[PDB]
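All remarks here apply to the structure that follows.
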Amino acid sequence: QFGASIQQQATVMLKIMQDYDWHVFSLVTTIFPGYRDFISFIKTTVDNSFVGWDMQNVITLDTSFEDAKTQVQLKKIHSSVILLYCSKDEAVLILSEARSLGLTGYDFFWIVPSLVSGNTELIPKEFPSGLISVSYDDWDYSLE
Amino acid sequence: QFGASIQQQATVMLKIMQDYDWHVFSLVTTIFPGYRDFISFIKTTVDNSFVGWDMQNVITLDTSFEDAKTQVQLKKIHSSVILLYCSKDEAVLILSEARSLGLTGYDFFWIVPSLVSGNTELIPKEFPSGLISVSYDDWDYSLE
Amino acid sequence: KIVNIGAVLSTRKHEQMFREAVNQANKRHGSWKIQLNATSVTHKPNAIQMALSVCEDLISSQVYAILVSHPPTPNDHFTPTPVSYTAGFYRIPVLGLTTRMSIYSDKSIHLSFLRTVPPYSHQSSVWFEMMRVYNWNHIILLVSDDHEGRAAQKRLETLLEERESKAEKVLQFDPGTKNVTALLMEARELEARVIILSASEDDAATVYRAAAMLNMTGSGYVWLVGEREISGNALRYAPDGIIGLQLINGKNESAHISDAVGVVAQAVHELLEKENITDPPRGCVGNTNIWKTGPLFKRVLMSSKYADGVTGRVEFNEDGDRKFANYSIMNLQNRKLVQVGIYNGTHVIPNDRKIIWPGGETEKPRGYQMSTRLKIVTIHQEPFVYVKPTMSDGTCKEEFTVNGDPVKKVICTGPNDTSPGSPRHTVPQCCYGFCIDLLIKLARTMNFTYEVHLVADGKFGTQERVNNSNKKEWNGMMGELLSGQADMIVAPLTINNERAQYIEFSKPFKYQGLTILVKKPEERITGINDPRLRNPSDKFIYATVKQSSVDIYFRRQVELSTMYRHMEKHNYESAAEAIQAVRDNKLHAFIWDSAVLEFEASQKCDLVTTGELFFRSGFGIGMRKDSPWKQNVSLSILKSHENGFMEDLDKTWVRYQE
């Protein structure tokens, strides 16, 4: 194939966070596979950075949420930048739960990977206007 | 009457909260009557105490909860000590929603008055083991 | 298949109208097999046996709705309470129709009471609509009925929660007395003229006579009353031009009965469409089991929404009150009731008739007149507030300074000594000095008179527990200012964060720090960083003025609790006591402001200050809350800052040495 990997995309997103000095952040991971490599890559990147990042503990989901034990970990979130790694189906429920929590504020940023960013036409109403996404979908360079 | 009013009981409960340094707390008031006097007495007692109480804003109710607009006010709660003034049949639904939202943690406290705590025999299973109550029902002093 | 309705009604014509409304209630509801029976009872002049007859007759009848419809009762108690209490024993809704007392608003007391009339506190919201129209902020409350007084104060604070303003004066007392004119004159000395009254007819007529004898009904005096205050001899004692309220169909019983029949009938036909039907038992003999669908039928009555009636959109709130009520606004033009406004549920519209006021023009009188004589209180500051006894009788010896400046004194009033020393000795003497000349400059800039008096003690004022009910109170200059007896504290006020939360501050005129007064081996201390003062003993005697702001500033310092425990055994009343004590070589150190001890070192060479300069702060003028005496006064202070008038005040006392 072509393009970047999920590790190079994570490097680009941490470069975005480095260029804006958003050093206080968090990390929320679901049960989508390839997640422990993602967490370990974030840990080795923070350990290989000139920043000294303020990383909150990883909020790990288990199943479809009862909104009883996951809410305890969601109320621990006092940082600004919220890092979410999930699929498109669970992202609607996560953003709706965060909107019900009031954790979708002006300082509460949301940066998502490329695979959760699905169809350009199909956009659910639960997306915050200002949702940061990174993908290789370039319209200036066509297929030819 | 040979009893103990709700104002002196609120004085005793705030004395308990002062003796434990539980200064960060909240207040949830339902549509059970006699509630604005309770809020005003709490406001005057906080304004006339050496603590300087860190009081979260009052979670108010209008009807039986839709779990749509009251959900936002309950998700604003992140403090430990929770005060409540309601009836027993309302308190069953309140504790069911609090268990559904995970507000019955080890850090979170629950202090209820004597009017919501009715018969000693009738105890439903939805009550958290550790529920703080203050009642003048002394079994050592009989009716005679 | 039957529904019984109980009623306490007197006149046979309205009983026939009630039975006709019951008969017509089953007209448009189809040919359903439900039946409606009605039982009406008369009235015996007593109240215990009336309650007995009505309660056992409605137990034997097993009714669902209980109605009391007697306005013109000769007894002024107006109590349908015992039948409502007996129905609340089985949680049966009693629909009160006549009275508007706030004791019925408590659903904890009246468990199963509903009504279609609001209490009078909602009229204050209509009066808050006056605040939405006439743009008036400061009010004067006067409530005699203490059963509704706490509810009126609650509703007033609920209305003032939006604008976040404060009522200037509230009053609660026992109805029946007559010598309330002292508090009326105390409200007359205030800036506002808004008069809110909530009492019966007798106290309203009493305060009308009190305002008529003292002429408190002249120009600009805002009067705003209700329906209870425009009846009886209070209507005879009312001045011309007073604005009152009128309940549209408040006493018109005939349409009100039909409205109640429609409400009860649609509530019953709503309840018939649901399950869990229960019936009231024969509770007179051997039945104490409660009616289990009490709160269920109450919840049915909560969401009751209607569209029929001459009055209009009757609707219950969470308190079961009346929504969207047409009110009238009346005026008394030459002992004649003249309608000057109408009111829908949200908005006031005046009619084509004019609004003639008891004062001058037909427009609104702005009854917010600021105090042209500002009451000035101060403490006896030694280089700033010089107080001299009079020569012969209330006079000031006009002595001249060495620089050709005549001392412009003022006749101030002050106590003699402390309260164990002097029981009651308050004389007028001559006050002059620094802040007196500052006030002379303020009176030269802006034209306003003043009234200089003195604070009763030698303390600034601290936040202390009062000896009952665990309540915070202030004292001193703050205690005399917040009580309304003072207007402007002209004193070197120590600016801190605690007093900024309670009152507003002006710009500081003085800028200085703190220092140590010693007498002249290390004879100097060089500030707080002396390790021997960290752990003191009986040798280094250091203290401060009792109940001073320096003690509060050290109380915020959570790392110098040892000095707070040490200085509490030697706090003096005034700073001159500390000057006299260190003059006799009994003290050893004294934390105080800089330039005062610099002036005293210029007076006496043995008085020596320390070298360090910490707590570099400023002293300004003690002020009230948001007030028009803030911006212009602060601009005058800044005008005094920009020119050489500060240097002139230095030439008077600061730069002048010996």
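Numbering, chain C: per Swiss-Prot, residues 25-544, 660-797 in sequence.
Looks like electron microscopy, 3.9 Å, at least that's what the header says.
Just so you know, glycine gets a Cβ as well, placed from its N, Cα and C.
In the three-state DSSP assignment, the secondary structure recorded for C:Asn61 (N-linked glycosylation site) is strand. Per Swiss-Prot, the feature N-linked glycosylation site maps to C:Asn61 (among others); the stated evidence is a large-scale study or a structure entry.
What Swiss-Prot lists as disulfide bond is C:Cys79-C:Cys308 (among others), and the listing cites a large-scale study or a structure entry. Secondary structure at C:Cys79 (disulfide bond), taken from DSSP and collapsed to helix, strand or coil, is helix. Note: C:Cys79 (disulfide bond) has non-local neighbours C:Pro106, C:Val107, C:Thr110, i.e. same-chain residues 6+ apart with C-beta under 8 A of its own C-beta.
The N-linked glycosylation site annotation in Swiss-Prot covers C:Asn203 (among others). Cβ-based neighbour count (10 Å, all protein chains) for C:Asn203 (N-linked glycosylation site) stands at 7. In the three-state DSSP assignment, the secondary structure recorded for C:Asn203 (N-linked glycosylation site) is coil.
Within 10 Å of the C-beta atom of C:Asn239 (N-linked glycosylation site) sit 9 other C-beta atoms, taking all shown protein chains into account. According to Swiss-Prot, the N-linked glycosylation site annotation covers C:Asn239 (among others), on the basis of a large-scale study or a structure entry.
Annotated N-linked glycosylation site per Swiss-Prot: C:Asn276 (among others), in sequence order, evidence recorded as experimental evidence. Secondary structure at C:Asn276 (N-linked glycosylation site), as computed by DSSP, is coil. All protein chains included, C:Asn276 (N-linked glycosylation site) registers 13 other Cβ atoms within 10 Å of its own Cβ.
Residues annotated as N-linked glycosylation site in Swiss-Prot, with experimental evidence given as evidence: C:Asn300 (among others). Secondary structure at C:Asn300 (N-linked glycosylation site), as computed by DSSP, is coil.
Positions annotated as N-linked glycosylation site by Swiss-Prot: C:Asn350 (among others). Neighbour count (other Cβ atoms within 10 Å of the Cβ, all protein chains): 15 for C:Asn350 (N-linked glycosylation site).
What Swiss-Prot lists as N-linked glycosylation site is C:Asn368 (among others), and the listing cites experimental evidence. In sequence order, C:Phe348, C:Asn350 are the residues near C:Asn368 (N-linked glycosylation site), counting only same-chain partners six or more apart with C-beta under 8 A.
Other Cβ atoms within 10 Å of the Cβ of C:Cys454 (disulfide bond), summed over all protein chains shown, number 21. In the three-state DSSP reading, C:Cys454 (disulfide bond) counts as strand. The feature disulfide bond is assigned by Swiss-Prot to C:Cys420-C:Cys454 (among others).
Taken from Swiss-Prot, the feature disulfide bond covers C:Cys436-C:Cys455 (among others), and the record attributes it to a large-scale study or a structure entry.
A simple way to gauge crowding: the CB of C:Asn440 (N-linked glycosylation site) has 13 other CB atoms within 10 angstroms, across all the protein chains here. Summarising the annotation, Swiss-Prot assigns N-linked glycosylation site to C:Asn440 (among others).
Per Swiss-Prot, the feature N-linked glycosylation site maps to C:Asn471 (among others); the stated evidence is sequence analysis. In the three-state DSSP assignment, the secondary structure recorded for C:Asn471 (N-linked glycosylation site) is coil. The Cβ of C:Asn471 (N-linked glycosylation site) lies under 8 Å from the Cβ of no residue that is in the same chain and 6 or more residues away along the sequence.
Annotation comment: Swiss-Prot describes C:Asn491 (among others) as N-linked glycosylation site, evidence class sequence analysis. The C-beta environment of C:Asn491 (N-linked glycosylation site), restricted to residues of the same chain at least 6 apart in sequence and closer than 8 Å, is empty.
The annotation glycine binding site is assigned in Swiss-Prot to C:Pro516, C:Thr518, C:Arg523, C:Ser688, C:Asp732. C:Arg523 (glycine binding site) falls within a helical segment according to DSSP.
According to DSSP, C:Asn674 (N-linked glycosylation site) sits in a coil region rather than a helix or strand. According to Swiss-Prot, the feature N-linked glycosylation site maps to C:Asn674 (among others).
The annotation N-linked glycosylation site is assigned in Swiss-Prot to C:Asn771 (among others). Counting only same-chain residues at least 6 apart in sequence, those with a Cβ under 8 Å from the Cβ of C:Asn771 (N-linked glycosylation site) are C:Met470.
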Taking the Cα atoms as reference points, how far is C:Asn300 (N-linked glycosylation site) from C:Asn276 (N-linked glycosylation site) in Å?
38
Whole-number Å value for how far C:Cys308 (disulfide bond) lies from C:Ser688 (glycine binding site) (Cα to Cα):
70
Looking at Cβ-Cβ distances, which residues of the chain lie under 8 angstroms from C:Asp732 (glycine binding site) while being 6 or more apart from it?
C:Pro516, C:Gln536, C:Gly537, C:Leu538, C:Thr539, C:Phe758
Which one, from the disulfide-bonded residues C:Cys308, C:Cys420, C:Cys436, C:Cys455, has the smallest tally of other C-beta atoms lying within 10 Å of its C-beta?
C:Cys308
Specify the nearest of the recorded positions C:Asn61, C:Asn276, C:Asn440, C:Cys455 to C:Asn203 (N-linked glycosylation site), where nearness means the distance between Cα atoms.
C:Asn440
I'd like the number of other C-beta atoms within 10 A of the C-beta of C:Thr518 (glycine binding site), please.
18
Distance from C:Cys455 (disulfide bond) back to C:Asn61 (N-linked glycosylation site), taken between C-alpha atoms, in Å:
85
If I take the alpha carbons of C:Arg523 (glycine binding site) and C:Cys454 (disulfide bond), what is the distance between them in whole Å?
30
Spatial neighbour of C:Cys454 (disulfide bond) that is closest, considering only the recorded positions C:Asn239, C:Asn440, C:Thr518, C:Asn674 and their CA atoms:
C:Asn440
